[PDB]
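Q: Chains as they are written, first to last, in the working numbering: chain A, 1 to 194; chain B, 1001 to 1194; chain C, 2001 to 2194.
(1) State the Cα-Cα distance for the pair residue 2052/C and residue 78/A, rounded to the nearest angstrom.
(2) Please identify, using Cβ separations under 8 Å, the residues of the stretch 117-133 of chain A that lie next to chain B, in order along the chain.
(3) Under the rule that 16 or more other beta-carbon atoms within 10 Å means buried, what is residue 2183/C, buried or exposed?
(4) Taking CB distances under 8 Å as the criterion, tell me whether residue 2200/C reaches chain B.
(5) Taking Cβ-Cβ distances shorter than 7 Å, what residues in chain B pair up with residue 51/A?
(6) Taking a cut of 9 Å between CB atoms, which residues from the stretch 2011-2030 of chain C lie near chain B?
(7) For residue 2065/C and residue 2013/C, I'd like the C-alpha separation in whole angstroms.
(8) Ignore the nearest five residues each way along the sequence and tell me which others in residue 1142/B's own chain have a CB closer than 8 Å to its CB.
(9) Please state if the CB of residue 1060/B and the CB of residue 1020/B are separated by a distance shorter than 8 Å.
(10) To which residues of the same chain is residue 2177/C closer than 8 Å at the C-beta, ignoring the five residues directly before and after it?
(11) What runs of the beta strand (DSSP E), each 3 residues or longer, lie entirely inside the stretch 46-130 of chain A?
(12) Measure from the alpha carbon of residue 9/A to the alpha carbon of each residue in 42/A, 112/A and 114/A, then state which is nearest.
(13) Taking 8 Å as the threshold (beta carbon to beta carbon), is residue 2142/C in contact with chain A?
(14) Please report the straight-line C-alpha distance between residue 2031/C and residue 1155/B, rounded to a whole angstrom.
(15) For chain C, is any of its Cβ atoms less than 8 Å away from the one on residue 1187/B?
(16) How many whole angstroms separate the CB atoms of residue 76/A and residue 33/A, which I take to be in contact at a CB cut-off of 8 Å?
(17) Rounding to the nearest angstrom, what Cα-Cα distance links residue 152/A and residue 1174/B in this structure?
(18) What residues from chain C crowd round residue 1148/B, counting only those whose CB sits closer than 7 Å?
(19) Identify each residue in the stretch 1152-1178 of chain B for which the Cβ-Cβ distance to at least one residue of chain C is less than 7 Å, and report them in chain order.
(20) Under the three-state reduction of DSSP, which class applies to residue 169/A: helix, strand or coil?
(21) Does DSSP classify residue 2141/C as helix, strand or coil?
(22) Which of helix, strand or coil does DSSP assign to residue 1032/B?
(23) Looking at the structure shown, is residue 149/A part of a helix, part of a strand, or coil, going by DSSP?
(24) Helix, strand or coil for residue 2/A? Go by DSSP, reduced to three states.
(25) Using the beta-carbon of each residue, which ones in chain B are nearer than 8 Å to residue 2145/C?
(26) Below 7 Å, is the gap between the Cβ of residue 2034/C and the nearest heavy atom of the ligand GDP?
(27) State the DSSP-derived secondary structure class of residue 1194/B, mapped to helix, strand or coil.
(28) Taking a contact to mean a Cβ-Cβ separation below 8 Å, would you say residue 97/A touches residue 109/A in this structure?
(29) Nearest to residue 2144/C by alpha carbon, out of 2128/C, 2047/C and 2092/C?
(30) Ordered along the chain, which non-local residues of its own chain (more than five positions away) have a Cβ less than 7 Å from that of residue 2049/C?
(31) Determine the chain B residues that contact residue 2066/C at a beta-carbon separation under 8 Å, and present them in chain order.
(32) At a Cβ threshold of 8 Å, is residue 2035/C touching chain B?
(33) Please compile the residues from chain C whose C-beta is within a distance smaller than 8 Å of the C-beta of residue 195/A.
(34) So, at 8 Å on beta carbons, what are the nonlocal neighbours of residue 186/A in its own chain, with the 5 sequence-adjacent residues on each side left out?
(35) Please confirm whether residue 80/A and residue 88/A have their CB atoms less than 8 Å apart.
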C-alpha cells in the first residue's frame, strides 16, 4: 500500500496550508508561514510518533516532509491574497486533513502493535493536535471549542476504520469508509453551521 | 508497593474528571469529554515519561489508562449537570491530583536513577502540566496564574517526599507526608481564597 | 570546542531570566519563577532533543541545567523590582537567546547526522519554542505574532551557520556569523519598533 503514504503527504500539505494561511491572517512574515505551516502539518504526526515511540520522528528521518511544508507555506504566502474568506478554507481543509489523519493515524497506530483503542486515540490525536498547535501558536480560539463534530468526525473515522479492519475487510475500503465517515460527518456540520 | 499505582490511577481519574467537567463548562460534546479528559489525566504522566525516557508511554503500554478516562469522562458527561459550581470541583480535584502526582511523580522519577532535584521537578511537572494541558486546550486562563500556592504545594510535596526518603524512612509515610504537605497547604489557600 | 556549551548555558540562563521576569509580571510566587524559568530556558532544547531522538534529555542527563534555572530564577525574584520596563529586557534577552540557540541548535542538529534543512529547522525551533512555552504558560500573546523578524533572525542565523559550515569554514566564525546575523537583524527591528 502506498495510498496511505499519499494520504499522509496530503494531510501534511493541507495542514501546512492551514497554518500558512493562518499566518496570513496574522499578517506574519514568510518565515511565519514556513514555521507555523511546519508545526501544524507535522505536529500531529510528530506527537503521534513521540507517544508511540517512533525514533527518529518522520520528518527528521526524512527531511522532505518539512521541505514540502516549506514549499507549500511559501506557495500559500503568494496565494493567501486570492481566497477570501480564508477561514472557510481553514475549516474545510482542516476537515479533510482531519479525516485523512484520523484514518491513516489509526492505521499506523495499529500496525505498531498497539490495541484498537490506542489506534482510534491516535487517529483522533494526529488530526486534532495538528489543528491544536496551529490554533494555539496563532493566538486565536481553537476549532475544537466550537460545535459540534470536530472530535467525533475523527472518532467515527478511526472507529469505523478499526471496526472494518477487525473483520478483515480489505484495508483500502476501511480507509475509504473512515475518510468518508469523518469528512462527510464534519461537512454536514460545516454546512448547517455556515 | 501497590499504593502508588492506586494513587496514579486516582490522579489520572480525578484529572480526567477535571478535563471532562471543563468540557462541560465549554458546552463541548461527549468526545470532548473523552479527549480533553484523556489529555489532562494522562498528560502530566506522558510528559514525565517523555522527558525521563520511558518508552513506550504508560497509556500506550497499557491502554486501560485511556479507557478509564473514556469511562470517567463519559461518566462526567452524565453527572456534569449535578454539581454547581463545577469550577470549585475543578480547584479541589486539581488539588488532590496535584498532591498525588507530585508525590508519586517524584517517586517514579527517583526510581529511574535520576537525582533528587529531578525527582522534585517531575513531581511538580506531572501535576502542573496535567492541569496545564486542560487549561490551555480549554481556552481559559490557567490556575497557575492565580495566587498563591499551586506550584509550591507540589514543590513542598515532592520536596518533603524526597527529603524523608533520603534518610531512609518508610516510603509509605513519605507518600503520606508528601500528599499531606501538598494537599493541606493548597487547601488552606483554597479556603482563604474562596 | 567548549564555546558552544557556554552559548547553551547562556541561552538556558537568559531564557530562564525571561521566564522568571515574566513570572514577575504576573505577580507569581517564587516557585513560579523557578518553574516557568525552567520551562522557558530548558524547553527549546528539550523539544529539540525529543524530536532529534536524544535520550535522556539534557537536563535529566545532567540536573545542573535545571539548577542553574533554579538559581537564576530565584536571583531574578530578588532583582525583578530593579529593571523597568521589564518587557524590554524580555525582548532583548529573547533576542540574544534566540541567536545563540539558533546557531548552537543548528550545530547540534547537524552533528547528529541530520541534514542542513533539519539543522536550520532545529536552530529556529530551540529559540522560538523556548520563547513559545513561556509566552503560552504566561498567558500573554507571544512575541512571534508581532513584526517582523523574530523567526527570520533565527532562520538567517541558522542558515548562515549551515551555509558557512558547508564550505568547511572554521566553525567558530560560523557561530559568530550566525549569532551576528541573528542578533543584529533582530536588534534592528527592536530599535525601529521601539
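Each residue gets a CB set at the ideal place from its N, CA and C atoms; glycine is no exception.
A: Put simply:
(1) Locating residue 2052/C in the third chain gives position 52, counting from the first residue. Locating residue 78/A in the first chain gives position 78, counting from the first residue. C-alpha separation (whole angstroms): 31 Å.
(2) 117, 118, 121, 124, 128 and 132
(3) As a working mapping, residue 2183/C is identified with position 183 in the third chain. Looking at its Cβ environment, which holds 16 or more other Cβ atoms inside 10 Å, residue 2183/C is buried.
(4) Limits of chain C in this structure are 2001 at one end and 2194 at the other, which puts residue 2200/C out of reach.
(5) Your numbering for residue 51/A matches position 51 in the first chain. Neighbours of residue 51/A on chain B, chain order: 1046, 1057 and 1060.
(6) 2026, 2027, 2028, 2029 and 2030
(7) For this step, residue 2065/C is matched to residue 65 along the third chain. For this step, residue 2013/C is matched to residue 13 along the third chain. Approximately 9 Å between the Cα atoms of the pair.
(8) Counted from its first residue, the second chain places residue 1142/B at position 142. So the qualifying residues of the chain are 1131, 1132, 1135 and 1136.
(9) By one-based count along the second chain, residue 1020/B stands at place 20. By one-based count along the second chain, residue 1060/B stands at place 60. For residue 1020/B and residue 1060/B, no; Cβs fall outside 8 Å.
(10) Position 177 of the third chain, counted from the start, is the residue given in the question as residue 2177/C. 2160, 2161 and 2164, listed in sequence order.
(11) none
(12) For this step, residue 9/A is matched to residue 9 along the first chain. Here the closest residue by C-alpha is 42/A.
(13) Counting from one through the third chain, the residue named residue 2142/C turns up at place 142. Yes - at least one Cβ of chain A is within 8 Å of the one on residue 2142/C.
(14) Position 31 of the third chain, counted from the start, is the residue given in the question as residue 2031/C. Position 155 of the second chain, counted from the start, is the residue given in the question as residue 1155/B. In a straight line, the C-alpha of residue 2031/C is about 8 Å away from that of residue 1155/B.
(15) Against the second chain, residue 1187/B aligns to sequence position 187. By this cut-off, residue 1187/B is not an interface position.
(16) Mapped onto the first chain, residue 76/A falls at position 76. Mapped onto the first chain, residue 33/A falls at position 33. Indeed they touch by this definition, with Cβ atoms about 6 Å apart.
(17) Taking the first chain and counting its residues from 1, one reaches residue 152/A at position 152. Taking the second chain and counting its residues from 1, one reaches residue 1174/B at position 174. Approximately 43 Å between the Cα atoms of the pair.
(18) Here the question's residue 1148/B lines up with position 148 in the second chain. Those within 7 Å of residue 1148/B in chain C are 2029.
(19) 1152 and 1155
(20) Looking up residue 169/A in the first chain gives position 169. Correct three-state label for residue 169/A: coil.
(21) Here residue 2141/C corresponds to residue number 141 of the third chain, with the count starting at 1. Three-state result, residue 2141/C: coil.
(22) For the purposes of this step, residue 1032/B is taken as residue 32 along the second chain, with counting starting at 1. Helix, per DSSP.
(23) Position 149 of the first chain, counted from the start, is the residue given in the question as residue 149/A. Looking at residue 149/A - three-state DSSP - the assignment turns out to be coil, as it is neither helix nor strand.
(24) Walking along the first chain from the start, residue 2/A turns up at place 2. Looking at residue 2/A - three-state DSSP - the assignment turns out to be coil, as it is neither helix nor strand.
(25) Translated into positions along the third chain, residue 2145/C becomes position 145. Ordered by position in chain B, no residue passes the 8 Å Cβ test against residue 2145/C, which lies about 16 Å from the chain.
(26) Only the bare structure without any ligand can be found here, which leaves the ligand GDP out of the picture.
(27) Against the second chain, residue 1194/B aligns to sequence position 194. Three-state result, residue 1194/B: coil.
(28) Along the first chain, one-based indexing puts residue 97/A at 97. Along the first chain, one-based indexing puts residue 109/A at 109. Not a contact, by the Cβ cut-off of 8 Å.
(29) The sequence position of residue 2144/C within the third chain is 144, counting from 1. Residue 2128/C is the option with its Cα nearest to residue 2144/C.
(30) Locating residue 2049/C in the third chain gives position 49, counting from the first residue. These residues qualify, in order along the chain: 2057 and 2058.
(31) As a first step, residue 2066/C is located in the third chain; it is residue number 66 there, counting from the start. In chain order: 1117, 1118 and 1121.
(32) Counting from 1 along the third chain, the entry for residue 2035/C is found at position 35. Yes, its Cβ sits closer than 8 Å to a Cβ of chain B.
(33) Absent from the structure is residue 195/A, since the part of chain A shown begins at 1 and ends at 194.
(34) The residue given as residue 186/A occupies position 186 in the first chain. If we look at residue 186/A and ignore the five residues flanking it on each side, its Cβ neighbours are 95, 98, 99, 149, 150 and 153.
(35) Sequence index remark: in the first chain, residue 80/A carries index 80 (1-based). Sequence index remark: in the first chain, residue 88/A carries index 88 (1-based). For residue 80/A and residue 88/A, no; Cβs fall outside 8 Å.
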